[PDB]
Structure formats: structure tokens, C-alpha cells
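# Commentary on secondary and tertiary structure
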Amino acid sequence: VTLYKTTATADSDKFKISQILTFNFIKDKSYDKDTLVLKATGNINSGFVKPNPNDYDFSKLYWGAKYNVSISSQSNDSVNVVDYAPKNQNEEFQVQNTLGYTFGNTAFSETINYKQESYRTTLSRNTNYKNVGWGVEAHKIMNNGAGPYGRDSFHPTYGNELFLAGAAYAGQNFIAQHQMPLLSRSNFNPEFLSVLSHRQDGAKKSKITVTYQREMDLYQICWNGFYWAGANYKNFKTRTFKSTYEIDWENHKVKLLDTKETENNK
Amino acid sequence: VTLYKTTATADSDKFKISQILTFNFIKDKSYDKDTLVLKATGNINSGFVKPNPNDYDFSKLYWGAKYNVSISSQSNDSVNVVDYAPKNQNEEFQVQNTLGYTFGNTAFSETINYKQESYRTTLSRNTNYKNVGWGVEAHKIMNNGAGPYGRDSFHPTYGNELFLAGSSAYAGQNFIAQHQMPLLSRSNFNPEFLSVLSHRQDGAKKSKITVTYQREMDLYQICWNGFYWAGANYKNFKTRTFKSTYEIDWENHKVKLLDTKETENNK
Amino acid sequence: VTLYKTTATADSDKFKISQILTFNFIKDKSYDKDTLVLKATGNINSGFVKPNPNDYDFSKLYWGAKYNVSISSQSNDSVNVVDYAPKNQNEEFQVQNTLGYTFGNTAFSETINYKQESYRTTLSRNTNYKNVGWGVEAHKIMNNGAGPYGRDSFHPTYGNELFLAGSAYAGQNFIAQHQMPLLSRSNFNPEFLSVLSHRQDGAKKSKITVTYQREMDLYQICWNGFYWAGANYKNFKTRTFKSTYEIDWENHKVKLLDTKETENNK
Amino acid sequence: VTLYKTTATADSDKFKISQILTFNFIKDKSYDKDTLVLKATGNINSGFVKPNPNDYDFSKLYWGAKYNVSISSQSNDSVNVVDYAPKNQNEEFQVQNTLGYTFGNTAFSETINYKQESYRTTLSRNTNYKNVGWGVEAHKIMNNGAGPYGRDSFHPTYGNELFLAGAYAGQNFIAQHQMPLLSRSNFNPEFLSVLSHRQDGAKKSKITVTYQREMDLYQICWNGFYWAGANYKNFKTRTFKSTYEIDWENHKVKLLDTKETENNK
Amino acid sequence: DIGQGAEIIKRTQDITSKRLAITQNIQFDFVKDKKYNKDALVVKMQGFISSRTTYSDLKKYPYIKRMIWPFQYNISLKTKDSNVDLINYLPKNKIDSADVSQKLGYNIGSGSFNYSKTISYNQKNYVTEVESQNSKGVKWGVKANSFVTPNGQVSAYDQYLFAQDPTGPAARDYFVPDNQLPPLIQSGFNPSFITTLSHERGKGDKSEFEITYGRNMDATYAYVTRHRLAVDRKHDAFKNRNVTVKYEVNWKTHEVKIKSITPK
Amino acid sequence: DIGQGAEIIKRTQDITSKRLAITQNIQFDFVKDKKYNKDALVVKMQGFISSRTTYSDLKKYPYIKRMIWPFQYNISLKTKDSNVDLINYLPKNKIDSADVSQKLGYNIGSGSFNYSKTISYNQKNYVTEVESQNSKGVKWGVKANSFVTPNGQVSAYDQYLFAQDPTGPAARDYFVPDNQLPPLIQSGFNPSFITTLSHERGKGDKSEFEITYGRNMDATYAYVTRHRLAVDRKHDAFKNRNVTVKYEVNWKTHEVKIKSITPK
Amino acid sequence: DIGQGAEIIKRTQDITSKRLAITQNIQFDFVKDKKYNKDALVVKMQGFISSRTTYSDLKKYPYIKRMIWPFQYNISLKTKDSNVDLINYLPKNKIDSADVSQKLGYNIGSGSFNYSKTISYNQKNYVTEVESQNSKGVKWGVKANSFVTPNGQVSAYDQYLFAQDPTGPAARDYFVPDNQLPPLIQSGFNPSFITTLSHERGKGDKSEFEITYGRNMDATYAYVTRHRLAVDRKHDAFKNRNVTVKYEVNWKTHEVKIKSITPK
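The paragraphs below set out a description of the structure included in this document.

So, how was this worked out
- Residues numbered from 1 in each chain as written, not as in the entry; some residues may be left out.
- Chains lettered and ligands numbered in written order.
- Part of a larger assembly, values for the part shown.
- Heavy atoms only, no water.
- Helix = DSSP H or I, 4+ residues; strand = E, 2+ residues; numbered from the N terminus.
- Rg over C-alpha atoms; globule rule 2.2 N^0.38 Å.
- Buried < 20%, exposed > 50% of the residue type's maximum accessible area, 1.4 Å probe, protein only.
- Areas by Shrake-Rupley, 256 points an atom, 1.4 Å probe, with all protein chains shown as cover.
- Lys, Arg positive; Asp, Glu negative; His and termini not counted.
- Charge placed at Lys NZ, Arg CZ, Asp CG, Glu CD.
- Contact = heavy atoms within 4.5 Å.
- Buried area = accessible area lost by both parts, 1.4 Å probe.
- Salt bridge = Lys/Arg side-chain N within 4 Å of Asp/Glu carboxyl O.
- Polar contact = N/O pair within 3.5 Å; in protein donor to acceptor, adjacent residues only side chain to side chain.
- Pairing = 2+ DSSP bridges.
- Axes fitted to C-alpha atoms, helices over the stretch in contact; angles between N-to-C directions.

Turning next to the overall build of chain D. A count of helical and extended segments in chain D gives one helix and 14 strands. Computed over the C-alpha atoms, the radius of gyration of chain D is 24 Å, more than 25% above the 18 Å expected from 2.2 N^0.38 for a compact globule of 265 residues. Residue burial in chain D is summarised as follows: out of 265 residues, 48% are buried. When the accessible area of chain D is evaluated, it comes to approximately 13300 Å², of which 48% is carbon and sulfur surface. Distance between charge centres in chain D, computed from 31 positive and 26 negative side chains, equals 3 Å.

See the structure below:
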């Protein structure tokens, strides 16, 4: 067994998005193919936009509600994506059934214990033998003791109470910025792993495509005269940074070839 | 110390019973006999039979209530069964005694903490110096919060409430949901048993081992008397037994399937 | 470092007392003396005596209430007892102080958490540079939920309720034998360790004195016409087994030389 | 990598303060400088003073309320203080929010779990590239179930109830055994520092090690209605300064200077 | 008791059924155990089976909203070679275990009596059951079991599962949002299964393995009538949506080729 | 402290008493400890003692139902050789230990005071006690202790133990089903006991060991009269139902022979 | 997965800004990893940032008492060398996690129903957040978060924080004593941050790093009027009280020099 390491980086200073790519080329004699371990890290800003405190009747903010990463090989190359991490978790929780009797009374109860995270990571459905992708999506978000809420919470009168503070000025009736989830207002620091195999009778060079993306949701509130109500609009803004790297399976080098910064706005 | 491995398999596709046998022949210079480690795995279907939803006044089902495995040597060979796993557990539990006084009142209580398993594994009484056998028997079965129940639960009016659901419906629809049953009652038993056998070196170059997988199926039925639904369980109403005989070559460390016997008992 | 092992045994079939002695002779070049590690095990019956069920007005039983072991060297030899196990424990326990207020109410409480053993092992006061000895004494004994009791429990009316059960025959108004502490009714299995040092310019042979002993207490109950009352009399019977072993520091051998079985009865 | 060990000691029998200095000189080929690991231990008496039981209307005691240690290099030498322990802790605690509802009400609660220590260790602000120093200060002190109290606890009527028991004034203090160990007995410091030395620097350098105690004056008085207490910080200060000569060439240390200084307010 | 770990020769094969959104990641470890009688092979089965969870309006009745979702994931390995045996596989079925705490007490202030009992056990979203196995292969079913919601746990066999008061006119609006759906429904399943297989020597060099991945989809229907919500459930709406791939194995040359895949 | 671990020579002997349903699985490890003065031998005692639990009708009074069950299991090793010592054995008796939690409190709303105490300990079905030992042998008794039921723990010395309202006419119907019987009653006992023994050199080559396995059966009787259930208990109904096996040991040739067995 | 650990060359640099009371303790580990394509450098950032917490009387209004304290600590590393990449750094931002316990129950003595839910999480005084990063550098902010007091936890964003009823005439007397202030306020901050950096070979030997330490001070004002206490809070009263140090790195000679420091 022999190992070769290297790195490659790609920045989008405009979008505040960075790709750090860490490479382990493995040559294993008990293997008929070349192995590449690829760790994808870096930064993806949430793109959070502070609300204007002067807004009176209706006000809005943007928050980072989903992060998408993908790693691909090309249809025409001999490189397949064979493994990756993290994989989808078959979630577990713990149960307690209690039955009690007194003499007259008859009590019973059930308790469940589970983990709760503000953002959840799942696989991309477009995952296949030449592409693996993950989505980090806003999951269980607590206001104070109120919640948990998500992108699609809907109360029949008060709407989506996700970042609504108290149902003053509209732009001053959002919750404190510090009270928001870190990944909604700051930066996502991805940590994803992929293992790719390469046929030895294949090309001396291949191309890998790494995509970092942010989905920004528009959260707004308005005053109807009686209450404050809120609404969340998903992926109202999308910022996407696509990089193409040239892999030299012969010399164990990597070189950035392409960059594409794409701005979608609804 | 020298180790030699091998495997042998035997299927009963009719009974859905399969024997996977894994062998470690051990030669130890500090030992005057040949050692064989035998791990017995595979599959034993429960033989579960779905009830007919159309049954009205009385309905029935079969479920896998006990699984029996045995490994034997022959009276005339020099091969003895010296060790095995699992062995019978001397069960442990934890106690908390509490005494309390207030001034006037006087409370006391005791709490016990223990494990509860739906199926329990114990040794076969026919176990001896040339035969070891285990029985995995239905033990503590919960309906919902109701229970635990077993093969011989008996309520004076409602009979055996093991798989009785309630409701004013058809009999064959008044059993509990299939998914609510114990896995080993409705699916497959995946045995994992270990045995150690010793062989005299001045003995036969070849020996014969007999491995038996078996299922005892119970008949659970319910009936409507006009006022309530009542249930009853009949043990080992059906028995399916798969017997295999393997030839052991202590000289060349080989194993070969020789006999197969599929036996069907029905009451 | 060089190690030599051996064993020696001594029985008192009359008293049901047995000494198993396990020896490690150590020669350490970084040491100017010879070392001997001596583990003392075996058996000391409790000498428990079942009560007569026919006894009517007053009844009695004997129970093993203390076990004593000692290991000694002789004043005239160069052999000192330098180390041993177990040593006396500076016992620890855990405390929880709770203060609570509601508005009106004012609660406070304190909870202590500690271990409770039926028999306790402490060092003998006669311990010195040529002798170490232990006493295993009946400590915290529970009737049912009642207790804990000891050798000197005294209720102003009911006396010592140690083994008192409850309108029957006296010899039938004791608690069940199985309800008693194991060491009060069965056998004590000592496990004591000692380390002895020997001057190299000393005698080629030394003598060690090992003593196992049992103190049997007399527990009795009587009917006064109104209640059953009990009393415990300490060391009413004493059985003592003394062995003297010859140690050959040159050849690393041990040989039993003396035996003495002594019976004291009050 | 090569390691050389040594020790050096300095006593102030007058102040009951002792410095034990343990030295590891490290020569690392992958390093361009000489390394010295210095562990500073020993003893610093609290200077606790039993109160006079005969005192009637007002009584006082001194107690050890803060301990200060520092380790320095000199401005003109090539020796910098590069590492040390302990460093300031970003304290953590555990929270439990509970919300409960009943109908046939609406209760909520929050619980926090944290450690509580009588004396707390923090870094000295004068810490810099040639000096590191620690302060061990009286922090959370419990009377009985009462407290916690500190040097500056102030009840509007009863003042500082730190060592107030409930008679004679000098007998209305809490029992001596009820006080924190570091307030009445001895502080046993255990501090670690790492210093780097330029190889083209002096064959010999000087290190200054300072042990100090701040004694607070705790007093109580009877006004006719209640007993009240007050704490005065650093009313007495005892300081022991030692200067050691480090021979980076031969890996030796030698005590050069001693200064015992007494401040009294 | 143990067998068998020594020198390995590894091969990998990866494949996707565009039609079905199922990816097989298969690793083949040929085992040369110098203490063993026969040839041995460890097949490590991984990959991705997309949830293919969909939301729609019925073609004949667009006012009725349908959620189609995976109730079971299907995994199997089989072979026809008479010279090949299945000698190990993971996971296996196990006996469930639980903790019990049982209490009795009395009070005297008056006379009073109390009893309580607590059962404590661990739950999975999806349960992995060996549905069949023999010397020639094994088939697992990964079945929806129980899910976490506000106000407690809910069973996969409950019909009102996933249905909600509509938050809009679209089909999706009739069903719970993604943050109330577990990873195996919202996204899909990441299988990890292992099988160890033996091969008789001197009786042939080639064998064929049929690996199968797939889904059993349930359907939950919901629609609004009379200001009351009507919800209904079709169990095993679309069974055995599976892709089967045939691999050929050469035990002598250590070669692995993909023979076929259905559907593409 | 350190004694005793070095080169071993192992021998095995296995045997069954058809009459009594008792199997001895005995392993003999001859210890050649080059740091030790004497010959050494480790005897590992395993096997199976069937419960022989039975249900019947009394011959003279068939309306009375009897359950016979093992209250104690008996294990012992003895020798007569004067050159042989017992120098170690497991298990040994130990001092019981327990956890205690004790609490005092007050309230003022009014004046009120409360006290509570909790003892916490571990329980076994069967307790293993050293009943006797000396330089020539050791005897253990494994005694029924406490059993888990609905509504709490019950003592092995309770007379109404295992009795139940009959669920039928048969004898078995008068006693609790197998799922309320522990393994040592429902099935039997799997002994694990060890003894280490020394042998004086140059004073003889052969020694003889008497290993004994067995049961003490208690009997629980039940019958119906006057619509009330009559239950009675006979303790030590059948004591010392034991099998004794004589093994001969040759300390020079490392040979072990089975000399005798009673009953066959 | 594995990258990147092998042979090291270490250099240290230490420096203090008398003006600002800030000390950088910086360690440079040149990594000669024979499995790696490029040059590598690990920068270990430690030191001391004094809290510089102060208590005073306003110059224009001496009756108003001001407490100035560090709300945030600032740490950053940047470079301009195009041949230099940031390929690793610690800490990183992570997703928060919490434990949930949820309970439902019923009683019948009558009908009654109860529900309770408990969220359980871990708290820090100061939270360390990545505020920005790219291939040329990284900037962390260590932000005041939550503090332990009598009667519960309090937020750093509460305005009445640290204010108290005066125990005297001095400014300090208006604010909580040292024993109610956390180490990062009473004393200061001990930074521990790491960055791994690569360097392209044959395109230049020297690079320059800008390391920045500092504080953002908040100010809490308190004064007494009409026997009611007036407390007010100015957030980011004094932002970016930072010291920047320029280090020059020679990747060939393994030499590190201090180029500059602002302010001195």
C-alpha cells in the first residue's frame, strides 16, 4: 500500500464561498483500480441580511436555510464514486412506558427520548454511481421556549412564527440576531468525505466537479392591525459556486480548471 | 497450536430451515486429544400462518413458539462434547427497599429491576457427555401495554389473551396486527450456538455428527361466545424437524454432509 | 529480580479451620534484604449452632461474630513485617444539601450516600513491626427492613433485636437461618496479604506464627409474659488455631512445625 | 531531543512561604532555541490569625483571601515566556428547560448545573511575553447552608456575613474548621511555565519568582440590635521575591536574591 | 471459535438504475485463508436507494391529494451455483430485550396501596428483518416501524400518518413538511449488508450473483370535504419496485464483471 | 501475589449418570511452574445437572398434585492423598455489600418534618456458598434464593411458591408455567468451579479425586378443597441425590483415568 | 482522511502590545511531509488578551458610573501570498445539538391529562464563531453568550447585566464583585487557534502573515436618581481594539522574522 497527498482550493469572494479540497491518492496492490479519498471542506456563508429597523408595517430578512454540496465525475470517464460520509441515519430513540395503580386511581404514561438539531444533513436524491451530494437543511429551530419551528411552520392566524419576536416597529419586532441558529446567520463549515475509484486502463487525467451552494429563504412579517404575522418563502435567493478540478491519476496532482459563480433571484 | 477451518451446509427448502456449520479443528501439543470447535448457525422459519380475515365466529393462526437445536455424537465413537455456549444463566436482578416517615405518616416500598426478553434460551435436559441441545422458547410477550403473556397464560374468563386484540368485528380480524407480534413468532430464528468436541487420537479416522434444527408451532385461536372474545393456545400442534448427519474426517480436517431427514408431525 | 514460590497448609478438622499459605520469595539486587510476600487464605467456620425448636420459655444460639487473623515473627529474628493488605480505610461518603422556597413555604433537606456491609475488616491494635493482625467483625446486620443491628444493639424494652423474629415456641421465634448474614452462619474465607523483610546476615531459617480464630457470640431470647426480648453475649465461646511455620530463606521452603488448637468457653 | 533536570528552593521562614522550583532544560534539534520547563510549587501560608475570644463589642480576624504568583524574565535578556498552565477557563454549564401542561396547569422551569469552588484561579493582567502571573482568589464561600459569600458580599443591614456565625464578639465568629482550607491553612501552588532562550544569547539569565499573600481583615460589631460584619481587602500583604540565576550552558540554577516585604495598612 | 481472516484481493463494482433511482455499490473481497478448505468471498453491499417519495393530485380526481412513500426497502443476494455456499451474513435477526422496573408501596397516615411498572426499550425508524435465507442466498426487508412526532411516537401502520391540515392548495401542502420526515423518507436509504460465501474447488471457476435493491411504496391519500379532513391509506400500493443486477465471478482469475441490470 | 502462571499440560474427562441426569465435564491442567516447589494441578469443573423438575399425582391420593424441584445444587472435590493439598479454589464466600441513601427534611409554610432511607442491593436466583473446605477438599452448595414475579420478589423459602390456581385437571396445571420458572429450575444448572492443588514430590506418583455433583429437591404440594386452594411445602424432600466420580491422577506421566462412577 | 502528519521544524515568536495589553504567543511548525505535494506550515496561535475591564466616572458627568468590558475577542489570520493556501483550521463552526425528553399521561380516579417536555443543552460563557474564511485566511469572533447568576442564567445581551445596587460611592461599587464575573471578564482570554497552510514550490521563498488579536468593548452605565437605579447599555462602544502583527516566513531556510506590530 502506498499513499500520496495533495490539496486544492477555490474561492468565491463575491459570494463568500470557499472550497478546500483534500486528497489522498491510494495505490493498493490487492486492488485493480486507483483510489482517491477526497475530503471537501471550506466555507459557505449563510448570506444573512439584517432587517431595516425603520420598516414599519411590513419587514423582511433573508436567512441561510439550506446548504448543498455535490461531488461528480463525468459520464465519459472511468471514475466512479464508490463511498462517502455521512450516510443517511436510520434514527433511533428511547421509549419508557409506565403503568400505575393505586387503591382508586389508574395512571399511565409514555416517554420518548431523542436528539434535536437545528440543521439536519441528508443525502441528495440525485446521488448515483458518479455523483454524491448532501443537503444541510434547517430542521428544528427554537424561538425561545417556543418551538421547534421550520421552513414550513404554519399557525392558522400567526403564520410562521420562526423568527417572530412578539405578536413597535416591524423591523424591530424580529428576534435578536444572536438568538438565531448559527448556520442561519453565520457560516456553514462543511465536512464531507468521498471515495472514488479509477480504472488503470483509463485516462491519465479526469475531471471532478465540486459545487457549493446556498439557499436563502425570505422571512417576513406584517402588521394587520390586531397581530403580527409571519411568512417564509423558500429559496428566494440562490448562490452557487461550481468548481472543476483536473485530476492527474498518474502524478497524483490536482489543478483547478473551471469556476462558475451563479446568482439566482426570485 | 495449529488450527484448520472448514464449513458445511444443509438446506430444507420445504421447511425453510438451513444449517450453516463452521468448523475449527485444533491440534494442541499440550493436549492428548483432537479438538473441534463447531459453530452452528443458519435459519429456522417460524412457520407463521396468517389468519383468514373472513373467519367469523371462530378463527385460528399458527406461530413459532419454540426452537430446538441439538448437536450429537454417536455412542460408539470416541468423540465427547466437552464444552458449549450459551450455558444456563443464574439470573440477577437489582432491589431497592425504601422506608419513609413523616410527622403522622409511614410509607414503605420495594422496587425490582430486571431484563425482559420475548424469547428465552435454556439448555435441553437430554444434554449429556455426547449431546448438547438448546431450546429457545417464547417467554414474555406483550400485546400493547397488556402483558406479559406466554404459551400458557390463562385469564378465568378471557382465556389466553396472547394475541387477542379486543372490537365488534370478524374473528379473523380481531387478532392483533402482525407487526405487533414478536419477531421470532412471525419471522425467522437465526441460531448462534457453539460446541466444543474432543476426539481420541487412537479413535476412528472418521466420525459422525448429528445436527437437528426444529420448530414447534402453536395453534392460537379465538372464539365469540355472544358476550366476549376468548382465546386459547395449543402447544406444539405442529412440529417441523430437520436432521442432518455430517461425516468428520479428523485426519484431513474435512466435513461432508451424509444424511438429511425432514420430518413433519401434525396433531 | 528473582522470584520463588511455594505453599504450606495446616488444618484443624475439629474446629473446622484451615490455613492455606502462599509464598513468594523475592530476591531484588537493588535491595539489601530478602523479601517474602505471604498471602494467607483458607477457611474459618462460624461455628453456628442451630437453636432447639422445642425450647419454650427461653432459647439460645451461637453465631460467628468476629474473625481474627494474625501473622507474626519472633523477637529474636531479623524478620520484620514491613507491609500488608488490607489497611484501615478512611471512609468516604457523599452529601447533598437542598434548599427550596415557594411563594409561602420553605423546605430544606440533606441526603447522605454510603456503603453498608454486614461484616467490617479493621486492623488489630497489637499490630507492630513484627506482627500484623486483622479483625473481621459483625457490623451492620439487617433483620428484614428492621436494622441495622450489631453485637451491642439495645432497645429499652425489646433488648437486642438482632435475630429476633416476632406467639410460638421460643426456639421457633428466631428468624430463618437463611435470613442471617453468611459470615454469621457459614464460613469465613480469609484473604490477607503481608510482606516481610529478612536481613541477609540473619538466620538461614526463621519461624512465622499464623493464628486463625473465631469469636462466637451467644444470642438468646426469652418470654416475660408480654413480649419476646433478646440479648447478645460477646465471645461466649472462642476457638483458636495457632500454627508455626519454619521458613528457609536459603532454599525458599516452608515447613509446618507447630499446631495448637485451643478452646475457650465461658 | 535531550532533557536535563534540576531543582532550586527558597524559604521565607518569617512569612512561612516556600518556593520549590523544578526545571527541565530541553534541547530539541528541530528547534532553534533552548527550552526550559519550569514548575513552581511550595507553600504559601494564609497568615490566618485566630480572633481574641475576650473581645466584646467589636472583634476582628485576618484571613488569606488571595494568593499571587509570578514568573518573569528580564527586559534585556533573550528569554521569553512562551507557554504556561493553567490558562483562563471559558466556563461551561448545563441547562434544562422544562415545559409542562395539564388539563382535566401550564408550569415551566429552568435548571442550571455548574461547579462551585471556594477559591478561583485566574491569570494576572500584567501577563506578557516576559512575565506570567496567577491570582488565586476567594470566590464562593459558604457559611453553613448560607451563602455563597465573597470578599465583597454586602447585606444592607448585616453587612458581609462571610464568617458571621449569629455573646462575646470574638466568640460570634464561625468555627475555625468551618472556614475554607485556603483561608485558614496553607496554599500549595502548582503552576507551570515554558520559557524559550536564544542560543546566541547570554550563557546565564535571571528569573524572578514571586509568591505573595493578601490578607483580608474581617471584623464584626454589635450595634445594640444585630451583629454586623465587614471585610477589608488586602489590609496586610506579605511578599517573597526570589531571583534565580539560570546557566543555560551547564543546565544549572542558583538562588541569587531574596526579598521579604511586609505591607501593612 | 473464529474464522476467517487473512490475505485479501479486492474488486469493486458500481451501478445505477436511472429508471428507478437505485445505486449499488458492491465490494468483492476474495479471501485467501491458508487455514481454510475452500475458496471464500466476502461481498460488501452498500449504495443508495432513493426514497422516491412523491406528492400529487389524482389524475381522475385532482381534488384528492396523494403522498407516495417508501414503507420498505428490499435487499437480497442469491446465486444458482451448486458449488457456492452462504456461510455468513450480517445483520441477523435478534431477540428484542427490554428493561423492567416494578414497584409496590404502602402508606399509613388511614390505609393506602400503590403499584407501578415501567418498561424501557430502544426504537428504530426502520427495522431490519431477515425475511429469508438458505445456503444459496439471503433476503432482508427494512420495514418502517415507528416515528417521532409532537405529542409522542406514532406507528408506521397508523393510517393518519403524515397527513395534516392543508397549509395551501398544492398536494405537498396536505402533508407534513420535510423537517417532520425521517431521513429514509425525506431522502432515502443507505444499505450496509454483508455476506460471506464459500466455493468448492476443482468443480468450476465461474459463478453468478443476483443482487437486488428496491422499494415497497405505501400511499397516503388526503382530501378536504365538509370542513373535515378525509384521510385514507393504501398499504403495499406499489410493491417490489426493485432493480436486479447480475454479477459474474471468476474464483480463479479474481475477475468480476457485470452481466446484467434490470431495469436500466 | 504472583503465583502461578507457566507451561501447561491439559487433559479432559467427560461422563454422565443416566440414572440421575448429571454430566461432569472435567478439565485437568497440569502446571509446570519452574518457579514453584511442588507439582501443581488446576482442576476445572464444568458440566450439566438437570433440574429433574417433575409434576405428578400422589399415588395414595391422586387428587393431590406434587411439584418436585431442585432447591440446591451440590458440588464438591475431595482427596485422600496425604501428599496433596488444596491451595486455591473459586468461588469463595464474600461479604455482602449494599448502597444506602438516607434523607432528612423540614417544611415551613406551619411546621413539618420528614425522613426516608433506601437500601440498594443485587440479587441472584441461586446463591453459591462454600459449605466446607480444608487442605484436602472443598464443598459448595448452590441454594435457591429469590425469584422475580409480578407484584415483587419472592423468597425460595416461601411455601406458596410456584403454586397457582389450576388452569386445568393435570398436575402441571396446578403450578406456574415455564415462563415463570428460572433456568435452574426449568432446565438445570451449568456448574463452573475451580480448584488448584499441589503435590509433594518423591513421595508417590498417583492420587485419587472424588468429584460429586447433585441435587437437593424440595417438594411443593397443591390440592383443591372448599373452593380454597390448599398448598403445602416439604423442604429437603429428597436430599443428596448425588453422583460421585473417582478420577485417578498420575503426576509423573500426566495421565488421568476415570476409576469409578456411582450411580451409573 | 489521513493528511497530514510527519517530520517537523519548529520556530517560536512571542510579542506584546504595551499599549493594548495583548500578547501573541505564536508557534510555527514547518511540516516536511514526504507524502505531500507542497510545502506545509502549521501555525499554532496562543497568547493572552487582557479583559481591560474598567470602572470609572464620566468626565463630563462624574455622578454616572461606567463599566467597560470585553464583549468579544477578535482573532484572525491572513496572508497576501498567492502561493499560500489555507487548507485547515480549528475550531470550525458546528451544528448545535440538544437532548429532548417528552412525556404524555392520563389519570382516572374522573379524567385528567398531562404533557411535559424537557430540552437539555450545554452552555458556554463565550461562543467561538467563524466570522469569515477563505483560501487566504480566517477570522474568529469569541462572543459573550450566557452567564451564571443567582436565580438563573442571564444573557450577555441583557442590558441590566453586571449592574447592582451600589455598596459604596465608588464606580466599582455600582457593579457586581469579581466573584460574579467570569474569567474572560475578570481577567481575560487565553486564545487557542490553529491553522494549516500550504505553499507552492519554486515560485518564491517568502510569505507574510498578518495575525490580529483584540477586543470589542461594550459599556454598561449606571447611576442613582430618586431612589430608583438607572442602568443603560451601549453595545460596541469601542469596537476593534486590535493589535496586528506582521510575520515574515521563509519556506526554504525555515526562518521566521517579526516584520511589524501595530500598535507598539
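On we go.
Along the backbone of chain C there are one helix and 14 strands. By the compact-globule yardstick of 18 Å for 266 residues, chain C is too spread out, its C-alpha radius of gyration being 24 Å. By its C-alpha atoms, chain C is 75 × 65 × 25 Å across when sized along the principal axes. A buried classification covers 48% of the 266 residues belonging to chain C. Side chains of chain C carry 31 positive and 26 negative charges; the gap between the two charge centres is 3 Å.

Time to look at the interface of chain D and chain G. Between chain D and chain G, the residue contacts involve 48 residues of the former and 52 residues of the latter. Carbon and sulfur atoms supply 46% of the area that chain D and chain G bury against each other, a total of about 4100 Å² over both sides. Considering only the surface of chain D that becomes buried against chain G, D:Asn90, D:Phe93 and D:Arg125 emerge as the three largest contributors, covering 17% of it. Taken together, the connections running from chain D to chain G amount to two salt bridges. Here D:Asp32 makes a salt bridge to G:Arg11, at a shortest N to O gap of 4.0 Å. Scanning the region where chain D abuts chain G turns up 29 residue pairs in polar contact.

Attention now goes to the sheet that holds strand 4 (residues 58-72) of chain A. All names here are of chain A. The antiparallel open sheet is built from six strands, whose spatial order is 8-9-4-12-13-14. Each edge of the open sheet is held by one strand with a lone partner, namely strand 8 (119-123) and strand 14 (253-265). In this sheet, adjacent strand axes meet at a mean angle of 20 degrees when their direction is disregarded. In the sheet, strand 13 (residues 228-248) pairs with strand 14 via 12 bridges, with the strands oriented antiparallel. Within the sheet, the bridge partner assigned to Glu246 lies in strand 14 and is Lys255.

On to the sheet that holds strand 9 (residues 131-138) of chain C. All names here are of chain C. Read across the sheet, six strands follow the order 8-9-4-12-13-14 without closing on themselves; strand pairing throughout is antiparallel. Bordering the open sheet on either side are strand 8 (119-123) and strand 14 (253-265), each of which pairs with just one other strand. Averaged over all adjacent pairs, the angle separating strand axes in this sheet is 20 degrees, with direction ignored. The pairing of strand 4 (residues 58-72) with strand 12 (residues 205-223) spans 14 bridges and is antiparallel. Across the sheet, the residue bridging to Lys66 is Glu215, located in strand 12.

Here we take up the side chain of D:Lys33. Mapped onto the fold, D:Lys33 is located in strand 3 (residues 33-45). One buried charged side chain, D:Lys33, makes no salt bridge at all; its nearest oppositely charged neighbour is D:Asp32, positioned 5.1 Å away. With near-sequence residues (within four places) excluded, D:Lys33 lies in contact with D:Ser196, D:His197, D:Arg198, D:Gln199, G:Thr12 and G:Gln13.

All names here are of chain F. Residue position: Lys259 is located in strand 17 (residues 255-262). Judged by its relative accessible area of 46%, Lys259 is partly exposed. Separated by 93 residues in the primary sequence, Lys259 and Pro166 place their C-alpha atoms 48 Å from one another. In this structure, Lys259 is in contact with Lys246, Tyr247 and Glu248, ignoring residues within four places of it in sequence.

Residue and element names in this part refer to chain C. Tracing the chain through its elements places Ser46 in the loop between strand 3 (33-45) and strand 4. Assessed through its relative accessible area of 1%, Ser46 is described here as buried. Within the structure, the side chain of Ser46 is placed 3.2 Å from the backbone oxygen of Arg185, a separation counted as a polar contact. With sequence-adjacent residues up to four places away left out, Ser46 is seen in contact with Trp63, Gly64, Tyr67, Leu183, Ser184, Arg185, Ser186, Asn187, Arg214 and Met216.

A separate point is the interface of chain E and chain A. Counting residues at the interface gives 53 residues for chain E, matched by 47 residues for chain A. Regarding the contact of chain E and chain A, the summed buried area is about 4100 Å², with carbon and sulfur atoms giving 47% of it. Sorting the residues of chain E by area buried against chain A places E:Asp14, E:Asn179 and E:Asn190 first, and these three jointly supply 14% of that buried surface. At the junction of chain E and chain A, the tally comes to one salt bridge. We note a salt bridge from A:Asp32 to E:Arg11, for which the minimum N-O separation is 3.9 Å.

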